[PDB]
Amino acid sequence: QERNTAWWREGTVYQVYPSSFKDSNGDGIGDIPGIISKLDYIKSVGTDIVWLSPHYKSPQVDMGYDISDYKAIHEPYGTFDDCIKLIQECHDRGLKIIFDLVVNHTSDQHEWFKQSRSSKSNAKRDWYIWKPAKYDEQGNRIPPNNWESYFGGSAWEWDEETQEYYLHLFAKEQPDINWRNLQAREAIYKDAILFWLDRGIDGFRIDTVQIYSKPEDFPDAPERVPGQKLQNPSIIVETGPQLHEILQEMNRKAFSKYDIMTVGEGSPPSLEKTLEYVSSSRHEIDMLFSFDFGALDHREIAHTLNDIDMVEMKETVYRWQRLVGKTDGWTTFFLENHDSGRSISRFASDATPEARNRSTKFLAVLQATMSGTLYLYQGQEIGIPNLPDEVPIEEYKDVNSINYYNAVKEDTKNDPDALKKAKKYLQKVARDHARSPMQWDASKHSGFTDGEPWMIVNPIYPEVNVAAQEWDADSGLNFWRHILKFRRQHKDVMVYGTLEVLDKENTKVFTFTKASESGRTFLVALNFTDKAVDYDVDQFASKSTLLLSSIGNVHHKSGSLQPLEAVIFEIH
């Protein structure tokens, strides 16, 4: 198997969130014709590959990640031929398109589940994970173990009609597929994978790629949150006994028969296990998204915020950037997606118009200099920040936000201080900041819809919008376009370059080198603080020439880095 890999290795991915990108018929929901009408705009950002988030038939409990039919399209997004049209419209403009592959679980409204839960004698019973109840010391009915769902509460839902519990790592409406059942494997391969590979898509975003295979004895998860009864089982379900078997099967049967790229969500903590997923040798998948970088400012399982430790951040960047050049694997880099808070709000300053612009360019240098495939999320190019403090919790429509807040309200019996702390946490890292409609212009709802949007449009939209940034040479959008042109022109060091960290102990400035095997080497310095810091490039590079600064080359002062200034130098 000799393949065309350069297109995914060097390509820039733009992630589209169907519900929030563009509404073409004023019902307040985004749709496929809206996407088709904005494809020229996507191309103009610098995009090679479009990553469409789940658009298939779904009750929208988890906004597309609970699928009720792999072969049909969610009616508000448009018709089945609208989906085929989008694939062609992308292709017409030189854009590839990848779909979201959600196969750890299905909707509870999927016909496969309606059959599974119907009776214990049903032919498709074993297609999902059913377990009998356990009884505690005092005779009460309890689940098979302490596993917690990622959205709160136990991971086992009680089906009274069949007196048995079904496994659900996500919502009660997302029952987990039993991957031990070969008949269910074939059903997924045919409907969720080969059906769309046969319609000409260029690849998939594989969800929760580590958790398909559960250990046969479903043992209690470890005490990750001291003294709490239920425990998230991510650490014991990740890379299960059949996981690599499954990925190997998906490659030989589907991925290897088409010219595509596969990107998996979730990576192991070690290099040798990570290479078991992405090494060319292995013929499984091409690259992985790691949660490490996104986890520097919060701990999801404990719903706690924390200050970013500069040295841990550097070690996290190096942990995965080390795959490029020293191995036959690959890696990715991203600061945003549908499951995260806005990047300028979490990693830079969003306080003022000037700060939003300076921060957008700052993070742009951080991402542009990282090796591996680069991923942008709709909005990131124009510096959309997080929803401000004045937006109340009722507007946070995401199920993860509602379940957490409700669990605080229940477990603390409306402790008002606990609710304020729960809201503060949600204001920094909720998934809702990434789902507020795309900001196109300064008209009603930032020109996203003529109707009433399905979720609140960020109220900074009059300042922050595409049309405002299009003809402004100094906008974050035109900075993003230039930095991607720079990235392609210097791909030997930016895309394929080996990364090495210098001045490790420095807590204010991150300094690293990107070296090609051709010879060429760049040095990147980022001042993550908001005060001027003394910085001397000559202590880390014999000879150097400034190529670009995020604050403007003429504003760069030798012997210092300005607040949130990132610089690229050619050295050696």
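Start at 1 with the first residue shown and count on from there.
- On average the C-alpha atoms of 157 to 165 have higher B-factors than those of the other stretch, with 332 to 340 and 157 to 165 being the two compared.
- Per-stretch averaging of Cα B factors for 312 to 320 and 131 to 139 places 131 to 139 on top.
- Per the deposited coordinates, the residue with the largest Cα temperature factor out of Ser290, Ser475, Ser107, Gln380 is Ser107.
- Highest C-alpha temperature factor among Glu500, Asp297, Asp441, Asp286, as the PDB entry reports it: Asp441.
- Ranked by C-alpha B-factor against the other modelled residues of its chain, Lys57 falls in the middle third.
- Ranked by C-alpha B-factor against the other modelled residues of its chain, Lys514 falls in the lowest third.
- Among all modelled residues in its chain, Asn386 ranks in the lowest third by Cα B-factor.
- Ranked by Cα temperature factor within the chain, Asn25 sits in the highest third according to the deposited record.
- Sort the modelled residues of the chain by CA B factor and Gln242 lands in the middle third.
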